[PDB]
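Trainee: Take a look at this one; I'll ask things after.
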Amino acid sequence: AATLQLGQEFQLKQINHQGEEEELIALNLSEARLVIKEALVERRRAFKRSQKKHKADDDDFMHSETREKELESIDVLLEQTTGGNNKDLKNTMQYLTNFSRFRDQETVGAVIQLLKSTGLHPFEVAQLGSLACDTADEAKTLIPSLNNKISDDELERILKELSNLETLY
Amino acid sequence: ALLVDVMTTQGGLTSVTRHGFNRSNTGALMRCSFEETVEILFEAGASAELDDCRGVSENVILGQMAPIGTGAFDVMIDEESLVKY
Amino acid sequence: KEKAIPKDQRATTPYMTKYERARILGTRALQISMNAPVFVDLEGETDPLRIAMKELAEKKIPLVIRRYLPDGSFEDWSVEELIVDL
Amino acid sequence: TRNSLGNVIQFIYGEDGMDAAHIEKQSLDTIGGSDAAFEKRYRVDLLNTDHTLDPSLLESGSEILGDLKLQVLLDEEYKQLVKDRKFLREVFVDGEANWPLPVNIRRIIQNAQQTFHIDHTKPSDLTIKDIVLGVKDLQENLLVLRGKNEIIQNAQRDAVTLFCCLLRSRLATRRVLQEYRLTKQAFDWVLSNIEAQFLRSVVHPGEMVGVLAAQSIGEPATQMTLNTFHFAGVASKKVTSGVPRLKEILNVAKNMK
Amino acid sequence: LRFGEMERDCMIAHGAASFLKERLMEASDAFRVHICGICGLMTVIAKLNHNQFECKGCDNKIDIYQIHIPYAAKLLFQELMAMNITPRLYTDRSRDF
Amino acid sequence: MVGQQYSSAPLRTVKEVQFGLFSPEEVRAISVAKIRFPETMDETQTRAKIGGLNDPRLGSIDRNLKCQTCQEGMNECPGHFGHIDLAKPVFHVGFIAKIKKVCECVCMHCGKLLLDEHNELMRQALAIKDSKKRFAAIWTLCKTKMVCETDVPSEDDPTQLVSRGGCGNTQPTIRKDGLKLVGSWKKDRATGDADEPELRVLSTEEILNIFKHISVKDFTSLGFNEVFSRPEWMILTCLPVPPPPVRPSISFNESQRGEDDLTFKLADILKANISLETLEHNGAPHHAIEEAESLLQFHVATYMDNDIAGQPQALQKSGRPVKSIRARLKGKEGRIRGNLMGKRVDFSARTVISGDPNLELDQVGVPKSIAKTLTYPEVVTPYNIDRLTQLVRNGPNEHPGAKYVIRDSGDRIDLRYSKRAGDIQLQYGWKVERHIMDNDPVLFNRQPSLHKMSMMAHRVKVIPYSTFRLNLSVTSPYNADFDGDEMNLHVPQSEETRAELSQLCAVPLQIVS
Amino acid sequence: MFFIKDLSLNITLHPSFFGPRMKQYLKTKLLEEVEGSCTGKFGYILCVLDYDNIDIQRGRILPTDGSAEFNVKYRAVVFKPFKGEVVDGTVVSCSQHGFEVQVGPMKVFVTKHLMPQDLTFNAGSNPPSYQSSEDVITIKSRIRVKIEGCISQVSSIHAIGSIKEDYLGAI
Amino acid sequence: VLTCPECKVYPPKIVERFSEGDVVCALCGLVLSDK
């Protein structure tokens, strides 16, 4: 999408099941990983509630000490929620976990606020949330849409602030 | 009564031949079914004619279920009664 | 969903034709022969058609007939509420 | 009745919406006969000695005589019968009485007489009010079209006109009390059976009537060839009829023989 | 044995569509054909082992449909198309595209 | 469950059939092999020549090798189309009359309609929605204007002349001689020349050029379409080549291939095309070019229709006429009336009848062997697995018995060769193809089937000997006696079909005609 | 690229599952068939939202086999790139012709003609990699690839990208 | 080449049933190609 050619299937204006126009939603690695983790843990909780109906521990999964412990919790979650029949989901989740720029929800919200305060395109915002660039020109070349649309000083400020926001591992 | 009403429904006397029925507005395959096949096909092609596939002959050519008696309706599942049991 | 007629404005016959009866019996016999659950007290019968007739007798077939008007609209009638002559 | 394109060929199949196998030959008794026979058969008068009901027929025959509402009802019934005679003579100008129609009322009445062991030698417990109101209500409960606007109402009355005429012809008060001698139980049974047997004669939606009509017309056309040349037995009657005449009718030939 | 036109008409008179469909297609000649969703023709090339579906003329690899038709209907369509006529099969819900 | 394979394309049902015409662009794009040689198979006489009539990219009909384009067996390859390029355009034998009629209705020089909106008659013609009558009226009106009018009186004032851009030239009168379209110019008497209409054979390329110049409003007015039915396409430039499925070769032996007539005609077409091409580039005299073009037109015309009026019939080397494409479809035994409205079927029998006064009204006696040949696919369930197991143990040489066992996956085991009559264990959902057993519904008829009551349902009873049995009261609806009549038996193969035969067509329900 | 879309599917339920718990079987069928799939029209099917809010439609018993077909609509998060897209990813395998980069669930290949000559292939290194004056790219090295084209089949989508211009390589 | 996918015996033993339009392995009775 160098020229923002998203096609009909991925138009900026989306028609939902309610028939009202909505802005197209784009999520980076951190947002998508958090959303899928939340959905999986909610589904696990629903499954446990259903099993209790037919017939505490969940706080430790979301709060992970380390990357390896997070990966182990992810494997347990996939075993207990997915069944192990979906390898592509495991690969995507591993790719999200290994290269997640931001682990905490509040920091991800800060990144979202910083990127979308200027009102840029959701594609550019998600790309900036996915890519960490040292210099504004590096991002502008690697994101041709950002060219001619954002001042270099603003892009440099955003990139430096994002680099500062990265939580040390 | 039905035969007579069919023969005189277009405002005039329409004979039961190719000139009366095969020159009607019905579907292309239906009309080409008997006695003027290739010429009707040629004319339909040249005029860019659209067939609707609702008559018996069009559903016999395509190997489908015509809306004929038992085929005039759809059978669907009612969830309310199924759950009630 | 504009085509569907409200239940109060239904203007079709409240009896069920012979074609609808034959279609319903065939569908139920096929489903029974494909190991579907039986809703009545089977008593020594081993033929899906006869069990279909038996279920029809107590009005327990959970199916709905959709009737197509010529314009395109349709009318929904449950098998329970259709009068069957004997 | 429509076709594949949706064009209406008939606004009702057969103009009465009846199946072709639920129809038998029945005679309309109002058309034929002289005025004297009609007057004697169908007229009942509670004030003139000429046309009274014999009290040995009706259980309450003694008290009813001289009443006022009853004679008004009987007068309305007789006016209806007169209008029916006029209309029926307007339709069939030849004066013929036997036409095909649904429901064999004669067999229903005979079954009512045979099942209940009705003895004609005893008075019956019927009431004129009950007979008249029952016949009118049964007419009210005959349905082929179930619309709600006025158009469908007019169409349905037009459909059931002739059957209502026959029904009025057979169930007249004097005919019931003097010819059949039905009781209350048998009368209720007859009305219920008539309604039930009528409601099962309507045509079933989904029937392919075009191929039925074509087969019905063209099956006797195959055997028609044999006896076409019977008019060939008259040399001075060399008029086209039979296979060539049907051929010319179908082709809509512009030069007849 | 020949199941002629008179037999078909009698079965239509009775009103048994399912018997007609079973006699016509399942008992004589049933065929499965892939058709293009844009031009509505039988030109789609399908490699079933690798499930590679391609329409060369219209550059289509997504909108491709499976249809169950007799074999004589396919022969008739091909013979019609061999004389520069286009019988273009379309689907119920292809008006959206 | 047709194809014995799996595909991820969704199943759908045909709703519309939009006819039309190929553009040469479409014929080129669709095709995968430009046919080039008048030969089919190589000089080694073992494989087909690449680029010939039997190019492997089109497909194969044989059951050993698979198609090069799709790598599928002969039971799954539909067939792919070739194309042949023509030196000069050729008239299509099926639109000569329409071409001439639309030619007489349009100016031969400016390429525009002889009339416009000013005339009231044009308003009347353009008020009609029916294309056929519209074109007929426009033709019968505009066939008589041999000169294009430069100026037309105005509707508001007849004295005011408005120019419509007409060229003002004189249109000819066109007649048809065989496959040729010959025009005659009637020069104006004011020119001083005699009233002798100069005759000339109109060239197809000029007519094509004239038709290509027509506009969209005239497209709609004439009765054509912009997308599907342009008139320029009515003149052939490229000829599609049908795959070998359409023209199957019958091989008696390994080196004995009798080819179809259609491929011989196509080979002759290509031979004539290459001859005309090699004379075209050699600077031959105009007479030879005209003769070669006439021969090419004759071959292309008689390839599709071989019954053209007023011409000789293209004959085969043995003297028989060449069966064109039209003769395939037009007959009573052709595709429409012989392979699409009625066709031969499976699971059926035919035998003489007899009378049995001990049978019930709606019961038919079926011979033993005919009961041993036809089958029924019963589904194994908890209610029948014991009887079905005993039936499988019985085998195919004993009645009752079974003949095949279908698994859940579609595989089918022949019980005769598989020793496992006493070995196969049945599960839920498998199918046993068992013999036809007492009280199975069948359909039964006699030809000709003139009316509804000549095709009725019955319940079977298995009997010895070779005749069918009937009650002596159903012989009236069938118009049948027992001096040699044979009737036909058809077996349903499902539960819905069995219910239809038992609740609609039964003999008890057919008494009051 | 991650996006939220509205999807629908037709699911056939076998007659042997016709009971009061049909909704549970439909939900299990949907979850087991849809999640993790790939469709060329919408890319890989990553996840489905609002599992409790699954929309359902009335059954329509097929006239040929008795299996009830249902139409199910839902909202899903999916991944699909576009021409000219630039994405970060992880090097999977190293070859002389170029390299392969995993991005999300997909693979984008780059041919040696699509990088500047400053990046030279080193085979003696363990593992073999591409070495330049400033950027070194190897296994588990974050690399930005500008996707140039994509090929879509039934079950997967492959991609081909180029890094021929500046500001590409190791980050 | 046409081989039984269950017996896995080379060379395969195969009998063609012409009167039924079938190709049948002569050991397991499996039906290979129809029509």
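We name chains A, B, ... following the order of the structure tokens; residues begin at 1 in each chain, and ligands are numbered from 1 as shown.
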Could you pull out the residues in chain E that DSSP calls alpha helix (DSSP H) from the backbone, as number ranges by chain?
Mentor: E: 5-14, 17-21, 71-81
Trainee: Store the residues picked out above, limited to N, CA, C and O atoms, as a JSON list (two decimals), in the first residue's frame.
Mentor:
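New file out22.json:
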```json
[["chain", "number", "residue", "atom", "x", "y", "z"],
["E", 5, "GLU", "N", -40.23, -38.03, -23.92],
["E", 5, "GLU", "CA", -40.89, -36.77, -23.61],
["E", 5, "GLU", "C", -42.29, -36.99, -23.04],
["E", 5, "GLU", "O", -42.73, -36.24, -22.17],
["E", 6, "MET", "N", -42.99, -38.01, -23.53],
["E", 6, "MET", "CA", -44.30, -38.33, -22.98],
["E", 6, "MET", "C", -44.20, -38.68, -21.50],
["E", 6, "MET", "O", -45.03, -38.25, -20.70],
["E", 7, "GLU", "N", -43.18, -39.47, -21.14],
["E", 7, "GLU", "CA", -42.97, -39.81, -19.73],
["E", 7, "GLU", "C", -42.70, -38.57, -18.90],
["E", 7, "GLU", "O", -43.23, -38.43, -17.79],
["E", 8, "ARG", "N", -41.88, -37.65, -19.41],
["E", 8, "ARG", "CA", -41.61, -36.41, -18.70],
["E", 8, "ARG", "C", -42.89, -35.62, -18.49],
["E", 8, "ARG", "O", -43.12, -35.07, -17.40],
["E", 9, "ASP", "N", -43.74, -35.55, -19.51],
["E", 9, "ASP", "CA", -44.99, -34.81, -19.38],
["E", 9, "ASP", "C", -45.93, -35.46, -18.37],
["E", 9, "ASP", "O", -46.58, -34.76, -17.59],
["E", 10, "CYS", "N", -46.01, -36.79, -18.37],
["E", 10, "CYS", "CA", -46.83, -37.47, -17.37],
["E", 10, "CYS", "C", -46.33, -37.21, -15.96],
["E", 10, "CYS", "O", -47.13, -36.98, -15.04],
["E", 11, "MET", "N", -45.01, -37.22, -15.76],
["E", 11, "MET", "CA", -44.47, -36.95, -14.44],
["E", 11, "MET", "C", -44.69, -35.50, -14.02],
["E", 11, "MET", "O", -44.85, -35.22, -12.83],
["E", 12, "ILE", "N", -44.69, -34.57, -14.97],
["E", 12, "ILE", "CA", -45.04, -33.19, -14.64],
["E", 12, "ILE", "C", -46.51, -33.09, -14.28],
["E", 12, "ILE", "O", -46.90, -32.33, -13.38],
["E", 13, "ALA", "N", -47.37, -33.85, -14.97],
["E", 13, "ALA", "CA", -48.79, -33.85, -14.66],
["E", 13, "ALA", "C", -49.04, -34.33, -13.24],
["E", 13, "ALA", "O", -49.83, -33.74, -12.50],
["E", 14, "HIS", "N", -48.36, -35.42, -12.85],
["E", 14, "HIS", "CA", -48.50, -35.90, -11.48],
["E", 14, "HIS", "C", -47.99, -34.88, -10.47],
["E", 14, "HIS", "O", -48.61, -34.66, -9.42],
["E", 17, "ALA", "N", -41.46, -33.45, -8.79],
["E", 17, "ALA", "CA", -40.23, -32.87, -9.32],
["E", 17, "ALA", "C", -39.01, -33.71, -8.96],
["E", 17, "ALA", "O", -38.09, -33.85, -9.78],
["E", 18, "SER", "N", -38.98, -34.26, -7.75],
["E", 18, "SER", "CA", -37.80, -34.98, -7.28],
["E", 18, "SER", "C", -37.55, -36.24, -8.11],
["E", 18, "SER", "O", -36.40, -36.55, -8.45],
["E", 19, "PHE", "N", -38.61, -36.99, -8.43],
["E", 19, "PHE", "CA", -38.44, -38.16, -9.27],
["E", 19, "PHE", "C", -37.90, -37.78, -10.64],
["E", 19, "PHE", "O", -37.04, -38.46, -11.20],
["E", 20, "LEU", "N", -38.40, -36.67, -11.20],
["E", 20, "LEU", "CA", -37.93, -36.20, -12.49],
["E", 20, "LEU", "C", -36.45, -35.86, -12.45],
["E", 20, "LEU", "O", -35.67, -36.28, -13.31],
["E", 21, "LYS", "N", -36.04, -35.09, -11.43],
["E", 21, "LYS", "CA", -34.64, -34.70, -11.33],
["E", 21, "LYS", "C", -33.73, -35.91, -11.14],
["E", 21, "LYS", "O", -32.65, -35.98, -11.73],
["E", 71, "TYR", "N", -24.20, -33.81, -18.88],
["E", 71, "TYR", "CA", -23.09, -33.74, -19.81],
["E", 71, "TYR", "C", -23.52, -33.28, -21.19],
["E", 71, "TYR", "O", -22.76, -32.59, -21.88],
["E", 72, "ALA", "N", -24.74, -33.65, -21.61],
["E", 72, "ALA", "CA", -25.25, -33.18, -22.89],
["E", 72, "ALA", "C", -25.45, -31.67, -22.89],
["E", 72, "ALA", "O", -25.30, -31.04, -23.94],
["E", 73, "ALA", "N", -25.76, -31.07, -21.74],
["E", 73, "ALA", "CA", -25.86, -29.62, -21.68],
["E", 73, "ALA", "C", -24.49, -28.97, -21.91],
["E", 73, "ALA", "O", -24.39, -27.95, -22.60],
["E", 74, "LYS", "N", -23.44, -29.56, -21.34],
["E", 74, "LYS", "CA", -22.09, -29.06, -21.60],
["E", 74, "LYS", "C", -21.72, -29.20, -23.07],
["E", 74, "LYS", "O", -21.16, -28.28, -23.66],
["E", 75, "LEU", "N", -22.04, -30.35, -23.68],
["E", 75, "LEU", "CA", -21.79, -30.51, -25.11],
["E", 75, "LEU", "C", -22.54, -29.47, -25.93],
["E", 75, "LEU", "O", -21.99, -28.91, -26.88],
["E", 76, "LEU", "N", -23.81, -29.22, -25.60],
["E", 76, "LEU", "CA", -24.59, -28.24, -26.34],
["E", 76, "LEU", "C", -23.98, -26.85, -26.20],
["E", 76, "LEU", "O", -23.90, -26.10, -27.18],
["E", 77, "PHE", "N", -23.55, -26.49, -24.99],
["E", 77, "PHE", "CA", -22.96, -25.17, -24.80],
["E", 77, "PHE", "C", -21.66, -25.03, -25.58],
["E", 77, "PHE", "O", -21.41, -23.98, -26.20],
["E", 78, "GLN", "N", -20.83, -26.07, -25.59],
["E", 78, "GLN", "CA", -19.59, -26.01, -26.36],
["E", 78, "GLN", "C", -19.87, -25.91, -27.86],
["E", 78, "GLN", "O", -19.20, -25.16, -28.57],
["E", 79, "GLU", "N", -20.85, -26.66, -28.36],
["E", 79, "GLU", "CA", -21.17, -26.60, -29.78],
["E", 79, "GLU", "C", -21.79, -25.26, -30.16],
["E", 79, "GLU", "O", -21.59, -24.79, -31.28],
["E", 80, "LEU", "N", -22.54, -24.65, -29.25],
["E", 80, "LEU", "CA", -23.03, -23.29, -29.47],
["E", 80, "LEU", "C", -21.88, -22.30, -29.53],
["E", 80, "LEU", "O", -21.87, -21.39, -30.37],
["E", 81, "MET", "N", -20.90, -22.46, -28.65],
["E", 81, "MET", "CA", -19.77, -21.54, -28.58],
["E", 81, "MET", "C", -18.80, -21.74, -29.74],
["E", 81, "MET", "O", -18.03, -20.83, -30.06]]
```
Trainee: Need the shell around region 477-480 of chain F: protein/DNA/RNA residues with any atom at most 7 Å away, counting only C-alpha atoms. Skip same-chain ones fewer than 3 positions apart. Format as a list in words?
Mentor: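 My reading of the contact set: residues 446, 453, 454, 474 and 485 of chain F.
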Trainee: Taking N, CA and C atoms for each residue, export the selection above as a CSV table (one decimal), in the first residue's frame.
Mentor:
```
chain,number,residue,atom,x,y,z
F,446,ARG,N,-46.7,-47.9,-19.6
F,446,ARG,CA,-46.8,-48.4,-20.9
F,446,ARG,C,-46.8,-47.3,-21.9
F,453,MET,N,-52.9,-41.2,-16.2
F,453,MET,CA,-53.2,-42.5,-15.6
F,453,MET,C,-52.5,-43.6,-16.3
F,454,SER,N,-51.4,-43.4,-17.1
F,454,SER,CA,-50.7,-44.4,-17.8
F,454,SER,C,-49.3,-44.6,-17.1
F,474,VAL,N,-56.5,-53.0,-13.5
F,474,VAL,CA,-55.7,-51.9,-13.9
F,474,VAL,C,-55.3,-52.0,-15.4
F,485,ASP,N,-47.8,-57.6,-25.0
F,485,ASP,CA,-47.5,-56.2,-24.6
F,485,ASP,C,-46.3,-56.3,-23.6
```
Trainee: Which chain F residues are at most 6 Å from chain C (counting only C-alpha atoms), as a list in words?
Mentor: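 Written out as asked, the residues are residues 383, 495, 496, 499, 500 and 503 of chain F.
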Trainee: Residues near residue 144 (chain D), anyone? I mean within 8 Å using only C-alpha atoms, not counting same-chain ones fewer than 2 positions away, as a CSV table (one decimal) with C-alpha atoms, in the first residue's frame.
Mentor:
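The result, written out as part-v7.csv:
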```
chain,number,residue,atom,x,y,z
D,17,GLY,CA,-61.7,-23.1,-8.2
D,142,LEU,CA,-68.3,-21.8,2.4
D,146,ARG,CA,-59.8,-15.8,1.9
D,156,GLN,CA,-65.8,-15.4,-3.8
D,159,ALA,CA,-67.6,-18.3,-7.4
D,202,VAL,CA,-61.0,-27.0,-3.7
```
Trainee: Taking 4 positions as the minimum chain separation for residues in the same chain, which residues sit within 9 Å of residue 85 (chain B) when counting only C-alpha atoms? Answer as an mmCIF file with C-alpha atoms, in the first residue's frame.
Mentor:
```
data_model
loop_
_atom_site.group_PDB
_atom_site.id
_atom_site.type_symbol
_atom_site.label_atom_id
_atom_site.label_comp_id
_atom_site.auth_asym_id
_atom_site.auth_seq_id
_atom_site.Cartn_x
_atom_site.Cartn_y
_atom_site.Cartn_z
ATOM 1 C CA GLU B 80 -38.527 -22.691 18.670
ATOM 2 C CA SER B 81 -40.367 -26.022 18.608
ATOM 3 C CA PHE C 39 -39.605 -37.458 18.953
ATOM 4 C CA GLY G 19 -31.520 -31.865 18.540
ATOM 5 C CA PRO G 20 -32.077 -29.141 21.135
#
```
Trainee: Excluding residue 93 (chain E) and residues on its chain fewer than 2 positions from it, collect all residues at most 12 Å away from it, counting only C-alpha atoms, and give them as a ChimeraX atom specification.
Mentor: /E:37,63,65,90-91,95-97 /F:12-16
Trainee: Using only C-alpha atoms, which chain F residues lie at most 6 Å away from chain E, written as a PDB file with N, CA and C atoms, in the first residue's frame?
Mentor:
```pdb
ATOM      1  N   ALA F   9     -14.427 -24.813  -4.491  1.00  0.00           N
ATOM      2  CA  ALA F   9     -15.339 -23.836  -5.073  1.00  0.00           C
ATOM      3  C   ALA F   9     -16.756 -24.099  -4.577  1.00  0.00           C
ATOM      4  N   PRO F  10     -17.494 -23.069  -4.172  1.00  0.00           N
ATOM      5  CA  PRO F  10     -18.848 -23.292  -3.651  1.00  0.00           C
ATOM      6  C   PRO F  10     -19.805 -23.793  -4.720  1.00  0.00           C
ATOM      7  N   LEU F  11     -20.771 -24.596  -4.285  1.00  0.00           N
ATOM      8  CA  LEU F  11     -21.855 -25.032  -5.155  1.00  0.00           C
ATOM      9  C   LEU F  11     -22.888 -23.925  -5.296  1.00  0.00           C
ATOM     10  N   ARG F  12     -23.364 -23.716  -6.524  1.00  0.00           N
ATOM     11  CA  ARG F  12     -24.413 -22.745  -6.798  1.00  0.00           C
ATOM     12  C   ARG F  12     -25.333 -23.310  -7.874  1.00  0.00           C
ATOM     13  N   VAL F  14     -27.756 -22.310 -11.464  1.00  0.00           N
ATOM     14  CA  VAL F  14     -27.889 -21.377 -12.573  1.00  0.00           C
ATOM     15  C   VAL F  14     -29.211 -20.632 -12.475  1.00  0.00           C
ATOM     16  N   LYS F  15     -29.155 -19.317 -12.635  1.00  0.00           N
ATOM     17  CA  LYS F  15     -30.349 -18.483 -12.616  1.00  0.00           C
ATOM     18  C   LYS F  15     -30.636 -17.800 -13.946  1.00  0.00           C
ATOM     19  N   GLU F  16     -29.618 -17.305 -14.646  1.00  0.00           N
ATOM     20  CA  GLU F  16     -29.817 -16.638 -15.921  1.00  0.00           C
ATOM     21  C   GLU F  16     -28.867 -17.207 -16.963  1.00  0.00           C
ATOM     22  N   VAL F  17     -29.250 -17.067 -18.228  1.00  0.00           N
ATOM     23  CA  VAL F  17     -28.415 -17.446 -19.362  1.00  0.00           C
ATOM     24  C   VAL F  17     -28.438 -16.269 -20.332  1.00  0.00           C
ATOM     25  N   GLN F  18     -27.433 -15.403 -20.241  1.00  0.00           N
ATOM     26  CA  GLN F  18     -27.339 -14.200 -21.067  1.00  0.00           C
ATOM     27  C   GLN F  18     -26.616 -14.541 -22.365  1.00  0.00           C
ATOM     28  N   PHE F  19     -27.352 -14.570 -23.473  1.00  0.00           N
ATOM     29  CA  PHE F  19     -26.727 -14.861 -24.755  1.00  0.00           C
ATOM     30  C   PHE F  19     -25.930 -13.650 -25.244  1.00  0.00           C
ATOM     31  N   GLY F  20     -25.229 -13.836 -26.358  1.00  0.00           N
ATOM     32  CA  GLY F  20     -24.415 -12.769 -26.904  1.00  0.00           C
ATOM     33  C   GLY F  20     -23.562 -13.256 -28.052  1.00  0.00           C
ATOM     34  N   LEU F  21     -22.438 -12.568 -28.267  1.00  0.00           N
ATOM     35  CA  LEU F  21     -21.519 -12.893 -29.349  1.00  0.00           C
ATOM     36  C   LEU F  21     -20.085 -12.656 -28.897  1.00  0.00           C
ATOM     37  N   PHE F  22     -19.172 -13.502 -29.376  1.00  0.00           N
ATOM     38  CA  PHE F  22     -17.742 -13.263 -29.197  1.00  0.00           C
ATOM     39  C   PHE F  22     -17.249 -12.060 -29.985  1.00  0.00           C
ATOM     40  N   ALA F  29      -8.198 -14.166 -26.394  1.00  0.00           N
ATOM     41  CA  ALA F  29      -7.831 -14.272 -24.984  1.00  0.00           C
ATOM     42  C   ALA F  29      -8.154 -15.648 -24.419  1.00  0.00           C
ATOM     43  N   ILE F  30      -9.332 -16.187 -24.746  1.00  0.00           N
ATOM     44  CA  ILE F  30      -9.745 -17.479 -24.208  1.00  0.00           C
ATOM     45  C   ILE F  30      -8.812 -18.584 -24.678  1.00  0.00           C
ATOM     46  N   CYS F  70      -4.229 -28.875 -17.537  1.00  0.00           N
ATOM     47  CA  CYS F  70      -4.770 -28.997 -16.194  1.00  0.00           C
ATOM     48  C   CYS F  70      -4.340 -30.254 -15.452  1.00  0.00           C
ATOM     49  N   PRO F 240     -12.957 -20.070 -33.683  1.00  0.00           N
ATOM     50  CA  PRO F 240     -12.593 -20.936 -32.557  1.00  0.00           C
ATOM     51  C   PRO F 240     -12.618 -22.407 -32.942  1.00  0.00           C
ATOM     52  N   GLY F 342     -35.363 -36.167 -23.393  1.00  0.00           N
ATOM     53  CA  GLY F 342     -35.502 -37.558 -23.028  1.00  0.00           C
ATOM     54  C   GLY F 342     -34.195 -38.282 -23.242  1.00  0.00           C
ATOM     55  N   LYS F 343     -33.845 -39.199 -22.347  1.00  0.00           N
ATOM     56  CA  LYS F 343     -32.573 -39.892 -22.449  1.00  0.00           C
ATOM     57  C   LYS F 343     -32.682 -41.246 -21.774  1.00  0.00           C
ATOM     58  N   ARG F 344     -31.756 -42.130 -22.119  1.00  0.00           N
ATOM     59  CA  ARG F 344     -31.716 -43.447 -21.512  1.00  0.00           C
ATOM     60  C   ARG F 344     -31.267 -43.342 -20.059  1.00  0.00           C
ATOM     61  N   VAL F 345     -31.678 -44.317 -19.250  1.00  0.00           N
ATOM     62  CA  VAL F 345     -31.534 -44.241 -17.805  1.00  0.00           C
ATOM     63  C   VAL F 345     -31.040 -45.573 -17.257  1.00  0.00           C
ATOM     64  N   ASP F 346     -30.755 -45.568 -15.958  1.00  0.00           N
ATOM     65  CA  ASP F 346     -30.281 -46.723 -15.210  1.00  0.00           C
ATOM     66  C   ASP F 346     -31.346 -47.173 -14.220  1.00  0.00           C
ATOM     67  N   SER F 449     -47.450 -42.921 -23.538  1.00  0.00           N
ATOM     68  CA  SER F 449     -48.022 -42.403 -22.299  1.00  0.00           C
ATOM     69  C   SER F 449     -48.858 -41.176 -22.638  1.00  0.00           C
ATOM     70  N   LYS F 452     -52.383 -38.963 -17.855  1.00  0.00           N
ATOM     71  CA  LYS F 452     -51.822 -39.056 -16.509  1.00  0.00           C
ATOM     72  C   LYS F 452     -51.860 -40.479 -15.967  1.00  0.00           C
ATOM     73  N   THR F 497     -37.880 -39.845  -2.877  1.00  0.00           N
ATOM     74  CA  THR F 497     -38.463 -40.395  -4.093  1.00  0.00           C
ATOM     75  C   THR F 497     -39.450 -41.514  -3.774  1.00  0.00           C
TER      76      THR F 497
END
```
Trainee: Could you go through region 53-212 of chain D and tell me which residues DSSP, when run on the backbone, assigns to strand (DSSP E), listing them as a PyMOL selection string?
Mentor: chain D and resi 98-102
Trainee: Between G:31, G:170, G:157, G:163, which is the closest to residue 117 (chain G) once you count only C-alpha atoms?
Mentor: G:163
Trainee: Counting only C-alpha atoms, which of F:388, F:120, F:488, F:373 gets nearest to chain H?
Mentor: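 Among the listed residues, the smallest separation from chain H belongs to F:373.
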Trainee: May I ask for the distance between CA of residue 61 (chain D) and CA of residue 45 (chain D), given in Å to one decimal place?
Mentor: 12.7 Å
Trainee: Could the residues of chain A within 9 Å of chain G, counting only C-alpha atoms, be given as a PyMOL selection string, please?
Mentor: chain A and resi 1-7+9-10+14-17+24-29+32+36+39+43+82+85-89+91-93+95-96+99+123+126-127+130-134+137-139+141-144
Trainee: Per residue of chain G within 10 Å of chain C, which atom pair is closest and at what distance in Å (one decimal), using only C-alpha atoms, listed by chain and increasing number, as a Markdown table?
Mentor:
```
| residue | atom | partner | partner_atom | distance |
| --- | --- | --- | --- | --- |
| G:14 | CA | C:34 | CA | 8.7 |
| G:15 | CA | C:31 | CA | 5.7 |
| G:16 | CA | C:36 | CA | 4.5 |
| G:17 | CA | C:36 | CA | 6.9 |
| G:18 | CA | C:36 | CA | 6.2 |
| G:19 | CA | C:37 | CA | 7.0 |
| G:59 | CA | C:64 | CA | 9.8 |
| G:60 | CA | C:64 | CA | 9.6 |
| G:61 | CA | C:27 | CA | 8.6 |
| G:62 | CA | C:27 | CA | 9.4 |
| G:63 | CA | C:27 | CA | 7.9 |
| G:64 | CA | C:27 | CA | 9.3 |
| G:65 | CA | C:30 | CA | 7.9 |
| G:66 | CA | C:31 | CA | 6.3 |
| G:67 | CA | C:31 | CA | 8.5 |
```
